[PDB]
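Encoded as structure tokens, the following chain is the form deposited in one PDB entry, with no partner shown.
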């Protein structure tokens, strides 16, 4: 009943914001640009500083014309509408959003510890306790998102930032969607795609549980379970129903992963009648205090090294390009609801 009532309140609060989204809550010249933190085919993320408060933020800037060209309109509207409505300890907070003649802007909390990906690659692999600490946070986050009828669809180490307490903050809702039943879009990252996405089926939240299996494997091994030089070769491995485990994996870890990396979605943990409880009650999680994780009372495996809220040492270096705003409005109609 405790979990039922928690998730019922969570859904009520989400739906109120979902139905009446916030809009136009800052503007670009309220911020100073500090550094580019990441780049993609239609946008970038920039460390900015608010000129009046001095607070640092990560500002995601999407070029409207590129969003249209790369057929990402609905996805960008999903991302903003979802992010402004969610509230969970392991989800990055959206603080402002706005648009101008050229771009869409989402201003989010800045997490100076950087991406899990960097730390994983620096250390090689995480011990099982360390992987389990992060995995537990993802399990709770997916329990929350799925109870709101949301599918995340982009779980991977680059989208999980490590905060000042060593806890995860999930970023990048670009593929997240509110789904009743099935959805069909081909999206994600090749190594993390569930078989039913590769096979062009209508799929559901089970794809997030598959991706959790991939993430746990990668955290504990140092490399993902399905790897190859070309995506088609990765996809052949994903659909095959075969996975090999390093000998150092515990038996409990192997068993959990066989049930998350189950090619038959109707047999996959997280998608059975007992839902998330098949995962939470698995022996690999026997040492996990779920409430203590949620309350952020567990001491983390490591605290990232950084000097202060504006330090960018844990992020890498990108060419610094202009944020140009056209004199003329672009794509106004397509982005009316943003």
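Numbering follows the first chain given and starts at 1.
Separately, the form deposited with a partner chain bound exists; it is not shown, and the next lines address it.
Interface residue among 202, 129, 241, 222 relative to its partner chain in the entry with it bound, by the heavy atom within 4.5 Å criterion: 222. For the candidate set 167, 98, 249, 175, a heavy atom within 4.5 Å of its partner chain in the entry with it bound is found for exactly one residue, namely 175. For the chain shown alone, residue 93 is not a contact residue for its partner chain in the entry with it bound, no non-hydrogen atom being within 4.5 angstroms. Taking non-hydrogen atoms only, residue 158 approaches its partner chain to within 4.5 angstroms in the entry with it bound. Among heavy atoms of residue 218, some come within 4.5 Å of its partner chain in the entry with it bound.
Its partner chain is not shown here, but in the entry with it bound it comes within 4.5 Å of a heavy atom of residue 316. When contacts are defined as a non-hydrogen atom within 4.5 Å, all of 115, 188 and 191 contact its partner chain in the entry with it bound. Of the candidate stretches 204 to 212, 264 to 272, 81 to 89, 150 to 158, only 150 to 158 has residues whose heavy atoms lie within 4.5 Å of its partner chain in the entry with it bound.
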